[PDB]
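So this first bit is one chain, no partners, the form deposited in one PDB entry, shown in structure tokens.
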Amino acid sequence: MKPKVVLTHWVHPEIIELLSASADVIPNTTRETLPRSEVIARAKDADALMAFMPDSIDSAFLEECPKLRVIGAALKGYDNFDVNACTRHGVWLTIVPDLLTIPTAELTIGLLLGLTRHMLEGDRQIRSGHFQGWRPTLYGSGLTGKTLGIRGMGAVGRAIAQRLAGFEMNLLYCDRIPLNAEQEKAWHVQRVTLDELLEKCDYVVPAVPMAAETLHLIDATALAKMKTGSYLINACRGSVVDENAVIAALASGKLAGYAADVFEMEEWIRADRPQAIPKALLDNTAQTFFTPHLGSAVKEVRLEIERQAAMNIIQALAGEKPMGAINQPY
């Protein structure tokens, strides 16, 4: 009797209980992305699907699941979705507002601190048991007094600036669209060009989306005209920074270190691609700091993203117009 909702990725147990009131829930009890064949097989008679970023909902998917009334994306975008095929197929598609900006600003500040202060190699040096007290090693660079440029004064770029206010730094920013007056002084930031930002900075933090336009914006050329011994911190998307241009600038001492939350291997919509992170980056524990796309891996934030995709599903199955709907099925 109950509609069925298939969840393709693990969710908190409260959201499954929330969904059970009006649907029978087929969760993914693993922390693993199931293969597209196993997802389609589960969704085939499902009234609803909660979709995550591995899911690519095309007409092929939708024709394998003719009972689909709603796809509730736990995503802020719809790139991997055929919005009009969902419309043609009488399938509400819903999305959730951006709850990822603060957890990604916070993490970006984490990568900056961990990498400029050698915190990983310092943690390894404690695990090894050889610690006998302070030594004149792992000397890093400080924050106060330094110049850090934000390439991309967006949502993330903003919250970063707001969160470095107390750090007595000198913040620059290179963006296509400038900012107003009040914010530019509120969070003491200054506008400047890419060749000038990139040349006059100690730490470079790109916050631009991935486009057909700006890809490898940080390439061999960009890296060459920065301050020697600078630091590159990349929590935007993978293919914006040339992981091989930094393999060389690492060995040549041009930049002091690279921290990353993303990798070009992480982009399947891209037709250029190595299936692994460069092995020379993965062996350079002394100048690199890496997280596996953990920008929004905060329990509270994921709970709320999940909550909203679940509400979208409960509204659509109830006959209501769902709040995240970006679509009008007939």
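Residue numbers run from 1 along the displayed sequence. C-alpha atoms forming the largest set that superposes within 1.5 Å between two forms make up the rigid core.
The form deposited in another entry exists for this protein as well; it is not shown, and the discussion that follows is about that form.
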Where among 137, 128, 180, 228 does the Cα move by 2 Å or more between the shown form and the other one after the core is superposed?
180
Given a core-based superposition, decide whether the C-alpha of residue 208 shifts by 2 Å or more between the shown form and the other one.
yes
In the other entry the CA atoms of residue 209 and residue 9, compared with here and shifted by at least 3 Å, lie farther
Output row for the residue 210-residue 77 CA distance, |change| of 3 angstroms or more in the other entry, reads farther
